[PDB]
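*Asks:* To kick things off, part of the complex as it is:
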Amino acid sequence: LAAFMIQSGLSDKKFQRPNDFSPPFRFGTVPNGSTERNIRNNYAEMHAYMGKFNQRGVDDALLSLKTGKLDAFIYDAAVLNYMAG
């Protein structure tokens, strides 16, 4: 008792099948960027889904995520690490 006291990713099913589950999911990214270009050239349908969740800035995505208006935000890795810390 004392010891006790001491004591997936981009290819997700909810991603590859967005809004295809009992709870509709939501996620998008900023258009006209390198990340948006990569998505269109590897997952056409996944790129098409995000068209209605396009953001316009880093802060807007963070606040919308905080308000619950968005569930996931995809963006550059280097800067989103900075905002997280």
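*Replies:* Alright, I've got the coordinates. Numbers count the residues shown, from 1 in each chain, chains lettered A, B, ... in the order given.
*Asks:* Neighbours of residue A:47, how many?
*Replies:* Residue A:47: 16 surrounding residues under other Cβ atoms under 10 Å. For the C-beta atoms, the positions are set from N, CA and C on the backbone; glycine is no exception.
*Asks:* how about the helices of chain A, start to end?
*Replies:* A:2-6, A:13-16, A:34-40, A:44-49, A:58-67, A:77-84 (DSSP state H).
*Asks:* Residue A:14 versus the nearest residue to residue A:13 once chain neighbours are set aside, what's the distance?
*Replies:* Distances taken as Cβ to Cβ, 6 or more residues apart in numbering place residue A:21 nearest to residue A:13, at 7.8 Å, with adjacent residues excluded. Using Cβ to Cβ, to the nearest Å, residue A:21 is found at 6 Å from residue A:14.
*Asks:* Of the two, which one has the most company?
*Replies:* Remark: of residue A:21 and residue A:14, residue A:14 carries more neighbours, 16 against 10, as counted by other Cβ under 10 Å.
*Asks:* Was I right to think the more buried one contacts residue A:27?
*Replies:* No. Contact criterion Cβ atoms under 8 Å: residue A:14 and residue A:27 do not qualify, at 9.0 Å.
*Asks:* got the contact list for the closest residue to residue A:72 other than its chain neighbours?
*Replies:* Excluding the flanking residues, the one nearest residue A:72 by Cβ to Cβ, 6+ apart is residue A:27, at 3.8 Å. By Cβ atoms under 8 Å, 6 or more residues apart in numbering, the residues touching residue A:27 are A:15, A:18, A:50, A:53, A:70, A:71, A:72, A:73, A:74.
*Asks:* I'd like to know which of those are part of strands.
*Replies:* A:72, A:73 (DSSP state E).
*Asks:* from the contacts of residue A:27, which is closest to residue A:34?
*Replies:* Residue A:34 lies nearest to residue A:74 out of the contacts of residue A:27, by Cβ to Cβ, at 11.9 Å.
*Asks:* please slot chain B in as well:
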Amino acid sequence: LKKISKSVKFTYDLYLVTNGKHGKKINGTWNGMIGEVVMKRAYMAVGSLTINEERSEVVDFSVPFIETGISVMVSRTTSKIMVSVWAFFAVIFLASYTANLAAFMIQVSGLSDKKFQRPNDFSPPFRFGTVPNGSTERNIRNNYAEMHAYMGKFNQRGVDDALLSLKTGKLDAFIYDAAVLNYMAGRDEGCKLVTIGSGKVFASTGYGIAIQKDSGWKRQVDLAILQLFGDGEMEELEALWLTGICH
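*Replies:* Take a look at chain B, now in place beside the chains above:
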């Protein structure tokens, strides 16, 4: 010193003293680093020099760059219902006692000590001494004559000898400079040796740089030191040399 010669632009060369250790006015004659600067065979003495009134009359000391002192180191049915309610209350009390137990589990006077002012005057004879011919020995003789007289049979000759003798139990307390004994405490094998209290300093003073009397550099010598503290180079330098391991 490397930082010093950079901004005032003076050349120099070093050599080691052969007679004396830090300075001792014997028959009115000073030796060591201070003794030469009196004789003007050298223009500056740099090292571990303790600022005191006696040494400030033969040379001049610039502003101290590190604070030290004198310290001592030592080795570390209704009735049935009522009965049931009583049992429940006892279990509660028992729970409070246990929880509280786990929580709690998770959770010398000084130089003027009676054993010091009355050394070897108690059932267990005590022992303590220091290195002779130093500034610390001079201070003791001029404030506690009998206490100074007692330490004559416990005189050491080096930092390591005192540490080992204390480790072997041959000595009980060692009195020496505060700045260096702090260094040895954080760099000893383990943390067996500690200083009195959480760090207690008697007769606060400073370490200084000996200069030839009435030098024209003393205005420029000290002004550089004040620039060091304002910018903050001592913090990095002291972490390089004066940091320790034990806490």
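*Asks:* try the contacts of residue A:27 again now we have chain B.
*Replies:* Shown in contact with residue A:27 (Cβ atoms under 8 Å, 6 or more residues apart in numbering or on different chains): A:15, A:18, A:50, A:53, A:70, A:71, A:72, A:73, A:74.
*Asks:* Nearest to residue A:83 among these?
*Replies:* residue A:73 (10.0 Å).
*Asks:* Next, count neighbours for the closest one.
*Replies:* 20 (other Cβ atoms under 10 Å in any protein chain shown).
*Asks:* Equivalent analysis for residue A:40, please.
*Replies:* When neighbours are counted by other Cβ under 10 Å, residue A:40 comes out with 12.
*Asks:* Spatially nearest residue to it, not counting backbone neighbours?
*Replies:* In space, and not counting its chain neighbours, residue A:40 is closest to residue A:47: 4.3 Å by Cβ to Cβ, 6 or more residues apart in numbering or on different chains.
*Asks:* Roughly how far does the one you found sit from residue A:13?
*Replies:* In terms of Cβ to Cβ, residue A:47 sits 17 Å off from residue A:13.
*Asks:* Kindly report the same for residue A:36.
*Replies:* For residue A:36, the distance to residue A:13 - Cβ to Cβ - is 22 Å.
*Asks:* can you check residue A:2 too?
*Replies:* Distance from residue A:2 to residue A:13, by Cβ to Cβ: 42 Å.
*Asks:* neighbour-wise, which of residue A:36 and residue A:13 wins?
*Replies:* residue A:36 (18 against 10).
*Asks:* Can you get me a residue count around the nearest residue to the more buried one once chain neighbours are set aside?
*Replies:* Distance criterion Cβ to Cβ, 6+ apart; nearest residue to residue A:36, sequence neighbours excluded, is residue A:29 at 6.0 Å. A count of nearby residues for residue A:29, using other Cβ under 10 Å, gives 19.
*Asks:* I am assuming residue A:29 contacts residue A:37, so please confirm or correct that.
*Replies:* No. Residue A:29 is not in contact with residue A:37 according to Cβ under 8 Å; the separation is 10.8 Å.
*Asks:* what do these two both touch?
*Replies:* Counting by Cβ under 8 Å, 6+ apart, nothing touches both residue A:29 and residue A:37.
*Asks:* add chain C to what we have:
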Amino acid sequence: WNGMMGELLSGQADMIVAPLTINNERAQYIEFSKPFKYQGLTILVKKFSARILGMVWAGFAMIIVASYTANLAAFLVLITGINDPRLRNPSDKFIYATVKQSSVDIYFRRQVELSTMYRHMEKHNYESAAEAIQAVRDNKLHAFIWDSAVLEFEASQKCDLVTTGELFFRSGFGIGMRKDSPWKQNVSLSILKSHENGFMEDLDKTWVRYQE
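*Replies:* One more chain to add, chain C, which I have set with the ones above:
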């Protein structure tokens, strides 16, 4: 200049005796002796089939009360100086202030790396330490960069007063003087002779050592 240095250089004063912060500007204009104080800078903050079921349920009750004991035990048991990022880029919430036209403001202005702090303290500089202490006692302030000994005596006086951890810029307080005068050598010798013996400890017993 103004203040103590403004009066001393005007000739109306002769010798400044006060908790004088030794810095580089003062040493050029006026003279000092050995400092009589040793401290740095910190922050002030505020704080029969049924019988088988019966024995099984008795075991259940025992394990349930053991689990409740474990969870109640878990329930009952289980800024930091200038390096606070929330103070690196402050806001209207964390209010740190200092004394207007004091040596600390000049010291922070010297290092331009704390220009934003110099741009924040400028809006809330108070005339005296008493004003800042009263305002933070009313919880109108959140931090107060100030000397260590003064804030320690204040924390002894008021139990809600709390200091931080960092101890930086280890300077001293000394006696301001006029220019080169025979009122220097013997003054510094007297200060040293006072530091050497137990006089400083007695003065601390009078005011510094005592707690409230």
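*Asks:* what's the spacing between the helix or strand containing residue C:136 and its chain's center?
*Replies:* For residue C:136, the host element (DSSP states H and E) is helix C:129-137. The chain centre lies 13 Å from the centre of helix C:129-137; the measure is Cα atoms, centre = their mean, to the nearest Å.
*Asks:* any idea how far chain A is from the spatially most central residue of chain C?
*Replies:* Compute the mean C-alpha point of chain C, and by Cα atoms, centre = their mean the closest residue is residue C:42, 3.4 Å away. Separation of residue C:42 from chain A (Cβ to the nearest Cβ, to the nearest Å) stands at 27 Å.
*Asks:* what's that residue sitting at in phi/psi?
*Replies:* phi -160, psi -170 (degrees, to the nearest 10).
*Asks:* Let me see the contact set for it.
*Replies:* C:81, C:145, C:146, C:147, C:148, C:151, C:163, C:164, C:166, C:167.
*Asks:* chain center to stretch A:47-56: distance?
*Replies:* With Cα atoms, centre = their mean, you get 11 Å for stretch A:47-56.
*Asks:* ignore the last one, stretch C:179-192
*Replies:* The answer for stretch C:179-192 is 31 Å, by Cα atoms, centre = their mean.
*Asks:* List the buried residues of it.
*Replies:* C:184, C:187, C:188, C:191, C:192 (16 or more other Cβ atoms under 10 Å in any protein chain shown).
*Asks:* Among the residues you listed, name the ones in strands.
*Replies:* Going by DSSP E, the strands hold none of the buried residues of stretch C:179-192.
*Asks:* Using JSON lines, lay out the residues you listed together with distance to chain A.
*Replies:* Shown next, in JSON lines, are those (distance: Cβ to the nearest Cβ, whole Å):
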{"residue": "C:184", "distance to chain A": "54"}
{"residue": "C:187", "distance to chain A": "54"}
{"residue": "C:188", "distance to chain A": "52"}
{"residue": "C:191", "distance to chain A": "50"}
{"residue": "C:192", "distance to chain A": "51"}
